[PDB]
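Summary of the model geometry
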Amino acid sequence: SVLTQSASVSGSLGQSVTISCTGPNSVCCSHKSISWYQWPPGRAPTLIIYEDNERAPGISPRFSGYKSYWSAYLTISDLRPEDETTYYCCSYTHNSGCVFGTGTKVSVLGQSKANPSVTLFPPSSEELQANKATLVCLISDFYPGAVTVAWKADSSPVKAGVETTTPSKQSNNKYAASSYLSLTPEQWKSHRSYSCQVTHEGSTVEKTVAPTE
Amino acid sequence: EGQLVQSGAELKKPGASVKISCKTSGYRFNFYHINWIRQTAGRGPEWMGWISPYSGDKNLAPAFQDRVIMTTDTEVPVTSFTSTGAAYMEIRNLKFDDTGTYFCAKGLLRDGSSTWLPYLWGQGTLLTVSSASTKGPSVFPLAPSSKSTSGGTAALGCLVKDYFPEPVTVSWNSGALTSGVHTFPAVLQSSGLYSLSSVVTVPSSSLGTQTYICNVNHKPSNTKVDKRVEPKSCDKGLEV
Amino acid sequence: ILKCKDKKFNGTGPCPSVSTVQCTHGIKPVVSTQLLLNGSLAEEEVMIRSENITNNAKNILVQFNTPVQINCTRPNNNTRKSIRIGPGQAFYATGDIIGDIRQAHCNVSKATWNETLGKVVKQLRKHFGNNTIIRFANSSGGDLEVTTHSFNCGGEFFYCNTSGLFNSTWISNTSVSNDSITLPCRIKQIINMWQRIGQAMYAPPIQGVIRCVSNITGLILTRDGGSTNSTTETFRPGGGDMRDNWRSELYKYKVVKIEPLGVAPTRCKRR
Amino acid sequence: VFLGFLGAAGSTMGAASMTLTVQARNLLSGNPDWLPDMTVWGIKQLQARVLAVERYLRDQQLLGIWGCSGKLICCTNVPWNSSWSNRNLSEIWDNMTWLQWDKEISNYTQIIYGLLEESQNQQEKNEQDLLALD
Amino acid sequence: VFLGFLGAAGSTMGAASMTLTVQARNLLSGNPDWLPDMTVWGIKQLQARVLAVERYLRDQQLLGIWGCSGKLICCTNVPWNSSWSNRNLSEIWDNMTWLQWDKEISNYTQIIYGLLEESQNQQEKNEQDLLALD
Amino acid sequence: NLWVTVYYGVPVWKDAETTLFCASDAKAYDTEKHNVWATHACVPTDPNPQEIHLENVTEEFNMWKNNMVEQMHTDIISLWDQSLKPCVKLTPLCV
Ligand SMILES: *[C@@H]1O[C@H](CO)[C@@H](O[C@@H]2O[C@H](CO)[C@@H](O[C@@H]3O[C@H](CO[C@H]4O[C@H](CO[C@H]5O[C@H](CO)[C@@H](O)[C@H](O)[C@@H]5O)[C@@H](O)[C@H](O[C@H]5O[C@H](CO)[C@@H](O)[C@H](O)[C@@H]5O)[C@@H]4O)[C@@H](O)[C@H](O[C@H]4O[C@H](CO)[C@@H](O)[C@H](O)[C@@H]4O)[C@@H]3O)[C@H](O)[C@H]2NC(C)=O)[C@H](O)[C@H]1NC(C)=O
Ligand SMILES: *[C@@H]1O[C@H](CO)[C@@H](O[C@@H]2O[C@H](CO)[C@@H](O[C@@H]3O[C@H](CO[C@H]4O[C@H](CO)[C@@H](O)[C@H](O[C@H]5O[C@H](CO)[C@@H](O)[C@H](O)[C@@H]5O)[C@@H]4O)[C@@H](O)[C@H](O[C@H]4O[C@H](CO)[C@@H](O)[C@H](O)[C@@H]4O)[C@@H]3O)[C@H](O)[C@H]2NC(C)=O)[C@H](O)[C@H]1NC(C)=O
Ligand SMILES: *[C@@H]1O[C@H](CO)[C@@H](O[C@@H]2O[C@H](CO)[C@@H](O[C@@H]3O[C@H](CO[C@H]4O[C@H](CO)[C@@H](O)[C@H](O)[C@@H]4O)[C@@H](O)[C@H](O[C@H]4O[C@H](CO)[C@@H](O)[C@H](O)[C@@H]4O)[C@@H]3O)[C@H](O)[C@H]2NC(C)=O)[C@H](O)[C@H]1NC(C)=O
Ligand SMILES: *[C@@H]1O[C@H](CO)[C@@H](O[C@@H]2O[C@H](CO)[C@@H](O[C@@H]3O[C@H](CO)[C@@H](O)[C@H](O[C@H]4O[C@H](CO)[C@@H](O)[C@H](O)[C@@H]4O)[C@@H]3O)[C@H](O)[C@H]2NC(C)=O)[C@H](O)[C@H]1NC(C)=O
Ligand SMILES: *[C@@H]1O[C@H](CO)[C@@H](O[C@@H]2O[C@H](CO)[C@@H](O[C@@H]3O[C@H](CO)[C@@H](O)[C@H](O)[C@@H]3O)[C@H](O)[C@H]2NC(C)=O)[C@H](O)[C@H]1NC(C)=O
Ligand SMILES: *[C@@H]1O[C@H](CO)[C@@H](O)[C@H](O[C@@H]2O[C@H](CO)[C@@H](O)[C@H](O)[C@H]2NC(C)=O)[C@H]1NC(C)=O
Ligand SMILES: *[C@@H]1O[C@H](CO)[C@@H](O[C@@H]2O[C@H](CO)[C@@H](O)[C@H](O)[C@H]2NC(C)=O)[C@H](O)[C@H]1NC(C)=O
Ligand SMILES: *[C@@H]1O[C@H](CO)[C@@H](O[C@@H]2O[C@H](CO)[C@@H](O)[C@H](O)[C@H]2NC(C)=O)[C@H](O)[C@H]1NC(C)=O
Ligand SMILES: *[C@@H]1O[C@H](CO)[C@@H](O)[C@H](O)[C@H]1NC(C)=O
Ligand SMILES: *[C@@H]1O[C@H](CO)[C@@H](O)[C@H](O)[C@H]1NC(C)=O
Ligand SMILES: *[C@@H]1O[C@H](CO)[C@@H](O)[C@H](O)[C@H]1NC(C)=O
Ligand SMILES: *[C@@H]1O[C@H](CO)[C@@H](O)[C@H](O)[C@H]1NC(C)=O
Ligand SMILES: *[C@@H]1O[C@H](CO)[C@@H](O)[C@H](O)[C@H]1NC(C)=O
Ligand SMILES: *[C@@H]1O[C@H](CO)[C@@H](O)[C@H](O)[C@H]1NC(C)=O
Ligand SMILES: *[C@@H]1O[C@H](CO)[C@@H](O)[C@H](O)[C@H]1NC(C)=O
Ligand SMILES: *[C@@H]1O[C@H](CO)[C@@H](O)[C@H](O)[C@H]1NC(C)=O
Ligand SMILES: *[C@@H]1O[C@H](CO)[C@@H](O)[C@H](O)[C@H]1NC(C)=O
């Protein structure tokens, strides 16, 4: 994509924010139409701005657009928590197709932070019949998109079989993730307690289980 | 009122082919272009192409000029303003870079400078190009956990573990429970396994008046697991 | 007048290809029962139209793709007499028949009718079952204009009986020489077909032999009611209502009135 | 583009606005000649073509009591209401037909005729009489 | 104030001038539906509603040959004569009805129509043709 | 910002039922059978039937609730009576 946008953009609650969108003179905004897409990654996107500053029907006038001789801009007044997602711009003509840009992640801060919900689960009896063991560490309802998970067998670090997911936005405008630990029945029997530690940027939630209980 | 529906999730091998449907309703199928755009984590989203069910004019990206074939049926008029058409898309020469969620959408206007622009998007269809095998899940119940000792709220769910193909949707008591239903995303193991969880926050007094059954429906493997979560708790903050 | 144009049309439903006209296409007012004559042909497929297919009492209008050839003859080389009655009137009486006498009849080629039935039965199975059997016998009984294929030609009013056409049961591939099928036909000159039962018409005699050819394009059938689901269905011929003779020609037409006054918002200012 | 009579019944309202004089010229004069004197069948068709001009002059009367009077496109001074068709411009004139437009306005259309016959010429004319003496 | 059809028949001519579009909308279309085909009783009422539009278009013709053509209030360029209604302003429009006005003008009304059809558009149009080339 | 604007001559139709005409077919003068079915009163056909297809139009039809059939039914009956009205009565034949 020669259509270059802003790198990464943050913001505050109830303020304005500006997003860029430009490219070379071949895909320039001098004589081409520009459109904007609100793109929730993995869900239904939305057209918000079409062909110029004119917005799609139903769009609140909080959004606006501008087209210079070398770049296009997207302006958002009164930032809301649901505006915290990645946006894209497209350049096109009447006959040509869409040309997407690089992308611009949007993060509206100044909101109420969320205390996380971390729960640890052991494998059940049916997995003991399967001769495997999987620790389940579920993470939800945390505001900043950054978590670090550590697995400790008898409070001793584990490096093999350690898998941790990526932060995912909860539909309630929070975030969610998870992390698993695969172990053998020999390593499941030869320990006292298992610990999943999730170090928050302002706290740390640890859950401890045991094969004997 | 256009409520479009795409196809279901399917699993294929590299070098093979897969066909995705795009069934429409509530609007005139021949009045709008039908766009097709993918979302792959390797190169972000990429516009694949649009088509005109009326004039029969399609337009693809030059990178998809050889491997993408888009077809449309003729619209089935329900009323004088409603029709139920269909738009299929076949993609061949599957590679590792063609893994992601695909979309079909309705054209913007019937005349003007931006006519084909996608307005009403479908729910999406996720595709995973893999040489691996389809493996069913292993579904476990979850023990109740205390959430508020003074309030009296328990948290119970179900655990879907170790499935290679496409993800799974889960209902609760045959879809009769939607309040408190919170579903977690999948994992990525070193072997390529996916596993997630789901949970619901139930009242602690709701143990002799209601029954909670989770329903797992893995479609690419064509399996179903109906589990009953035991109301017997194990958290010391909830036993009191 | 809005004119439907797609080849297959249910009669009830949205027509996706509509045209408009002032004057319609040429329609011949034909008074006929059991068999539609000189009608408009269907497009590529045989149509089975009905106001309600499930309800038995509602008739089943049929339209043909290929025209069924029919030849009717009044063989009696007849003569007339103009006997004088009153100061100005003059009554025309049927004279003595010159030559030999035999009954009037109508000929339908057996191969074309066998093919037409074999083509209609498949269009009827789409509503009543794939790989099932249907039957149709002759009329049930009642009025002479209902039980017989009544029509006009040259001036004489033929009342033919179609019992020689409807003896059929149908296997999923076939049915259960004879170059032609002849039909006995009686003739009537005084008709009480008028819905005003205060008048009747006397047909004047036609001096000479009468022969008239025609295309057969339609049928009017009634289904035997009852609990005949697991068994077979029966399509006896019928008619009576003249309006059924017109719906096979006015199905593709609808009358609409023009309302050219519209309001729409644009940006402009007066004075 | 022309496409004859009613050719733009399914096109956009902006494209159909380019065929106003075609739909008008063919509604008034579909002249049948009734020189032959046939007794009872004339009174049905003559009543039809008399009710035709009765319906025609009813529209001309509504197109006369309003500030609009030219048998063309015409503008007024009554503002558009956001409750009527909550849509922006070019969403109408490039993705809507006159039939579907009249369908959505059919809920609110009856008061618009009153807003065009009273809010204007009961006051616009009165203001014209009270603003022309100077 | 409205007061419906003919509600201001005894009010002032200025107050009745506030109800022009009400008397107009109900004179042209009193539409009776004649879908039933009844032989001899239609020709009397159909002749009535045909003479209705014949009388209507006669007024539109008089309202067309004059410089006035909008079906509204309208001004001309023919001066008022002191011999017609020797009264000042506001003696008419606030103490007279349209009936009593037409009664006093009935003596002198027949020439006013001629003064509006000849003194203007036989000369105003001719002046418009001889003053627009520049 | 935007004001209501009337447009006279828009393609808007509403389904209704009214009296229709009938055509002479133009060969009627060369028939010279004095009176055919409706040669009595019908007017000649236009030289070119204005058949105009309306693109993008789906119209809901119903042949069984149509009022054109009722008109032709009432036209044929009134055609019978007016044709047999001035002819010869045969009431003295009831002997
Ligand atoms: C009935 O309903 C249907 C559906 O609602 C409706 O169809 C829509 O009709 C409108 C116009 O009425 C269409 O909108 C216009 O589309 C124009 C098409 O683009 C131009 O260029 C095309 C060539 O593509 C180039 O690039 C491709 C890349 O792949 C390449 O292959 C090609 O070689 C080429 O380089 C070209 O094909 C097209 O040509 C005409 O003929 C083709 C033949 O197939 C035909 O399919 C096209 O429709 C077209 O008639 C054309 O030249 C676009 O140019 C046009 O823009 C006009 O208006 C804008 C206003 O801003 C002006 O700025 C501009 O200068 C133009 O004047 C406009 O966008 C729409 O695409 C149709 N499709 C839909 C919505 O489905 C019918 O019209 C309706 N009919 C009636 C009677 O109501
Ligand atoms: C209504 O539906 C009915 C029934 O579906 C139709 O009526 C039927 O019409 C047919 C055709 O006319 C009638 O067929 C009869 O045919 C015989 C002649 O065939 C018999 O005799 C042959 C030699 O004379 C013989 O070869 C035949 O086959 C035998 O031999 C072969 C040799 O290989 C062997 O293989 C076979 O197994 C046989 O052994 C066969 O036996 C003819 O004689 C009939 O007419 C005479 O007799 C009848 C009654 O006896 C009499 O009524 C006639 O006047 C005449 O005297 C007859 O043509 C069949 O009988 C009819 N069915 C009924 C119930 O009458 C009917 O056409 C449909 N429409 C109408 C309008 O009704
Ligand atoms: C369905 O459609 C078919 C059309 O195929 C109609 O069949 C025609 O019916 C008409 C009317 O009965 C027939 O016309 C009659 O023909 C008689 C014989 O004329 C012969 O010689 C003439 C002159 O050369 C030839 O043109 C003709 O083909 C014959 O070889 C005439 O004696 C009849 O005269 C009538 O009209 C004259 C006109 O002056 C009058 O003076 C007479 O009094 C009388 O009214 C008449 O012309 C015609 O032959 C039929 N066959 C055709 C055209 O194929 C069906 O009637 C129609 N309806 C139905 C229900 O089937
Ligand atoms: C449908 O087809 C069936 C046959 O499948 C048919 O039924 C038959 O109808 C005929 C009449 O068309 C019947 O024949 C009559 O039968 C009675 C006795 O039932 C006789 O009395 C009759 O003869 C009298 O009239 C003759 C006229 O000259 C006299 O010469 C004689 O002396 C008698 O007075 C006559 O033979 C026949 O019985 C039935 N039944 C069968 C199965 O044949 C039916 O009519 C067809 N149509 C309808 C509307 O159903
Ligand atoms: C109308 O169409 C049907 C269906 O095609 C014709 O039926 C066919 O009739 C012939 C002779 O009547 C049958 O042939 C004979 O079949 C018997 C069955 O036992 C056999 O023993 C004889 O040796 C001879 O083959 C034929 O099977 C039957 N079916 C088909 C499919 O042809 C019917 O004859 C037609 N009526 C006509 C042409 O008048
Ligand atoms: C344009 O479309 C937007 C989004 O659907 C819509 O809100 C506008 O309608 C009105 O815009 C006004 C701008 O001042 C606003 O004050 C008003 O509340 C709003 N009406 C509604 C019902 O939301 C549309 N504007 C036009 C001109 O159509
Ligand atoms: C032809 O029209 C009939 C009308 O009855 C269709 O049957 C359905 O009838 C019910 C009422 O009993 C309607 O509510 C449905 O809308 C009709 N279905 C449809 C799809 O219109 C019948 O399906 C139509 N098509 C055929 C081939 O018979
Ligand atoms: C009805 O009559 C017509 C004309 O008399 C018949 O058509 C003739 O059929 C024979 C036999 O096939 C042919 O040799 C002639 O050439 C045909 N003449 C014409 C003008 O086509 C027709 O076959 C008859 N139909 C029936 C069922 O009797
Ligand atoms: C026209 O298209 C727009 C955007 O695609 C859509 O919102 C609108 O509903 C369409 N018009 C109609 C009448 O459906
Ligand atoms: C047809 O008649 C049956 C039986 O009365 C009824 O159930 C059905 O709804 C009818 N359908 C229509 C379209 O009238
Ligand atoms: C039933 O449907 C099948 C497939 O649509 C078709 O081939 C068959 O002809 C139908 N039934 C019959 C016996 O006609
Ligand atoms: C009809 O013929 C087909 C093909 O030979 C056969 O499969 C089917 O069983 C036959 N049906 C009957 C009723 O004979
Ligand atoms: C019967 O149909 C054929 C096929 O077009 C036509 O040539 C012939 O003239 C028709 N005859 C009548 C009487 O309509
Ligand atoms: C719009 O319509 C509503 C209800 O008819 C009315 O209350 C409101 O005042 C109207 N607004 C305008 C600007 O006409
Ligand atoms: C139109 O008015 C009717 C009157 O009850 C109402 O039921 C209907 O919902 C209205 N439709 C719209 C679209 O406002
Ligand atoms: C007024 O009318 C009289 C008689 O009709 C006429 O002589 C006189 O010239 C008129 N004056 C004006 C100013 O019109
Ligand atoms: C009106 O004219 C007649 C004609 O003779 C005359 O007698 C009468 O006095 C006149 N009335 C007025 C008020 O001028």
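Analysis parameters
- Residues numbered from 1 in each chain as written, not as in the entry; some residues may be left out.
- Chains lettered and ligands numbered in written order.
- Part of a larger assembly, values for the part shown.
- Heavy atoms only, no water.
- Near = heavy atom within 4 Å.
- Polar contact = N/O pair within 3.5 Å; in protein donor to acceptor, adjacent residues only side chain to side chain.
- Areas by Shrake-Rupley, 256 points an atom, 1.4 Å probe, with all protein chains shown as cover.
- Nonpolar A, V, L, I, M, F, W, Y, C, P; charged D, E, K, R; others polar.
- Patch = residues over 30% accessible without salt bridge, like charges linked within 9 Å, V, L, I, M, F, W, Y side chains within 5 Å.
- Salt bridge = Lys/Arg side-chain N within 4 Å of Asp/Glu carboxyl O.
- Helix = DSSP H or I, 4+ residues; strand = E, 2+ residues; numbered from the N terminus.
- Buried < 20%, exposed > 50% of the residue type's maximum accessible area, 1.4 Å probe, protein only.
- Pairing = 2+ DSSP bridges.
- Axes fitted to C-alpha atoms, helices over the stretch in contact; angles between N-to-C directions.
- Contact = heavy atoms within 4.5 Å.
- Buried area = accessible area lost by both parts, 1.4 Å probe.
- Domains from an automatic or database assignment.
- Core = buried A, V, L, I, M, F, W, Y, C linked by side-chain atoms within 4.5 Å.
- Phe/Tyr/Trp six-rings, centres within 6.5 Å; stacked < 30°, edge-to-face > 60°.
- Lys NZ or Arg CZ within 6 Å of the ring centre and 35° of its normal.

The record lists X-ray crystallography as the method behind this PDB entry and 3.80 Å as its resolution.

1. Remarks on the site of ligand 6
Taken together, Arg-55, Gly-58 and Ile-59 of chain A together with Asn-86, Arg-87 and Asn-88 of chain D make up the full set of residues adjacent to ligand 6. More than a single chain frames ligand 6: its nearby residues are located in chains A and D. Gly-58 of chain A is positioned with one of its backbone polar atoms (N or O) 3.0 Å from an oxygen atom of ligand 6. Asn-88 of chain D has a polar side-chain atom sitting 2.4 Å from an oxygen atom of ligand 6. In the complex, 48% of the free accessible area of ligand 6, which totals 590 Å², lies under the protein chains. Each residue belonging to the shell around ligand 6 can be placed in one class, and the counts come to one nonpolar, three polar and two charged.

2. Some points on a nonpolar patch on the surface
On the surface, a nonpolar cluster with roughly 400 Å² of combined accessible area is contributed by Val-40, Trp-41 and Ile-43 of chain E. Among the structural elements, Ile-43 of chain E can be located in helix α3 (residues 42-65).

3. Regarding the side chain of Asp-244 of chain C
Here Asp-244 of chain C is to be found in helix α3 (residues 243-247). By relative accessible area, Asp-244 of chain C is classed as buried at 5%.

4. A look at the site of ligand 7
All names here are of chain C. In the vicinity of ligand 7, the contacting residues are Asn-10, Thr-12 and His-127. Within the side chain of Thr-12, one N or O atom sits 3.0 Å away from an oxygen atom of ligand 7. One nitrogen or oxygen atom from the side chain of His-127 is found 3.3 Å from an oxygen atom belonging to ligand 7. When isolated, ligand 7 has an accessible area of 550 Å², and the protein chains bury 21% of it.

5. Observations concerning the sheet that holds strand β17 (residues 194-199) of chain A
All names here are of chain A. Here three strands make up an open sheet; going across it, the order is β13-β17-β18 and the pairing antiparallel. Unpaired on one side and paired on the other, β13 (148-153) and β18 (204-209) mark the two borders of the sheet. Averaged over all adjacent pairs, the angle separating strand axes in this sheet is 15 degrees, with direction ignored. As defined by bridge partners, β17 adjoins β18 across six bridges and the pair is classed as antiparallel. When the bridges of β18 are listed, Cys-196 appears paired with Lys-207.

6. A few points about the interface of chain C and chain F
Between chain C and chain F, the contact holds 57 residues from the first and 45 residues from the second. Taken over both partners, the interface formed by chain C and chain F buries close to 5200 Å², and the fraction arising from carbon and sulfur atoms is 70%. Note that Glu-51 of chain F is salt-bridged to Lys-3 of chain C, the shortest N-O span being 3.7 Å. Between chain C and chain F we count 19 residue pairs in polar contact in total. Looking at the side of chain C that touches chain F, the element that brings in the most residues is strand β21 (residues 261-266) of chain C, giving six residues. Counted by class, the side of chain C that touches chain F contains 32 nonpolar, 13 polar and twelve charged residues.

7. Topic: the arrangement of the chains
Across the ten pairs of chains that are in contact, the largest number of contacts falls between chains C and F. Separated without contact, chain A and chain C have their nearest C-alpha atoms at a distance of 16 Å. When C-alpha atoms are compared, chain A and chain E, though not in contact, are closest at a spacing of 39 Å.

8. Section: the pairing of strand β12 (residues 156-160) of chain C
Residue and element names in this part refer to chain C. Most of β12 is tucked away, with five of its five residues classed as buried. Taking every second residue as pointing to the same face, both faces of β12 are buried, with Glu-156, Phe-158 and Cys-160 on one and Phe-157 and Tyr-159 on the other. Here strand β11 (residues 149-153) folds back onto β12 in antiparallel fashion, the turn holding two residues, of which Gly-154 has a positive phi close to 70 degrees.

9. Describing the pairing of strand β12 (residues 133-142) of chain A
Residue and element names in this part refer to chain A. Counting buried positions along β12 gives nine out of ten residues, so the element sits mostly inside the fold. In terms of strand pairing, strand β11 (residues 117-121) meets β12 through five bridges, oriented antiparallel. Residue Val-118 lies in a different strand from β12, and its bridge partner there is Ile-139. Bridge count between β12 and strand β16 (residues 175-183): nine bridges; the pairing is antiparallel. Counterpart to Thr-134 in the pairing with β16 is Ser-182.

10. Considering unusual backbone geometry
Residue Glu-51 of chain A is not a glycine yet carries a positive backbone phi of 65 degrees. Within the element layout of this structure, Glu-51 of chain A appears in the loop between β5 (46-49) and β6 (63-67). Of note, the phi angle at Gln-34 of chain C is positive, near 65 degrees, even though the residue is not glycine. As for its placement among the helices and strands, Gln-34 of chain C is situated in the loop between β3 (18-20) and β4 (35-37). Take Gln-34 of chain C: its relative accessible area is 1%, and that puts it in the buried class.

11. Here's the deal with the domain arrangement of chain A
Residue and element names in this part refer to chain A. What the domain assignment lists for chain A is domain 1 (4-106) and domain 2 (117-209). Summarising the inter-unit geometry, the C-alpha centres of domain 1 and domain 2 are found 38 Å apart. Facing the four residues of domain 1 at the interface are five residues of domain 2. Taken together, domain 1 and domain 2 are joined by zero salt bridges. Seen at the junction of domain 1 and domain 2, the total is two residue pairs in polar contact. Broken down by class, the residue content of the side of domain 1 that touches domain 2 amounts to one nonpolar, no polar and three charged.

12. A few points about the nonpolar core
Generally speaking, soluble globular proteins have nonpolar side chains that are buried together. In terms of nonpolar packing, the biggest core is built from 66 residues, with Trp-36 of chain A together with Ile-34, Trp-36, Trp-47, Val-68 and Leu-117 of chain B touching the most fellow members. For this core, the leading source of residues is strand β8 (residues 86-92) of chain A, giving five residues. When near neighbours in sequence (up to four residues on either side) are disregarded, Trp-36 of chain A contacts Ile-19, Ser-20, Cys-21, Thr-46, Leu-47, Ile-48, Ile-49, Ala-72, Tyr-73, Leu-74, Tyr-88 and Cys-89 of chain A.

13. Details of the packing of aromatic side chains
In this structure the tally under the stated criterion is 34 aromatic pairs over all chains. Ring geometry for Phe-136 of chain C versus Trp-170 of chain C: centroids 6.3 Å apart, planes at 35 degrees, classification tilted. Placement of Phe-136 of chain C in strand β10 (residues 134-136) and of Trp-170 of chain C in the loop between β13 (168-169) and β14 (180-188) is noted, with a sequence separation of 34 residues between them. Exposure class is identical for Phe-136 of chain C and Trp-170 of chain C. Each is buried. Between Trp-93 of chain E and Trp-98 of chain E the ring centres are 6.2 Å apart and the planes differ by 80 degrees, which places this aromatic pair in the edge-to-face class. Joined through ring pairs, the aromatic side chains of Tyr-37, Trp-39, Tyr-88 and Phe-100 of chain A together with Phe-103 and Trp-121 of chain B make up one cluster. Above the ring of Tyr-32 of chain B, the side-chain terminus of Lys-106 of chain B is found at 4.7 Å from the ring centroid. Stacked on the ring of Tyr-251 of chain C, the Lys or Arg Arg-49 of chain C has its end atom at 3.9 Å from the ring centre.

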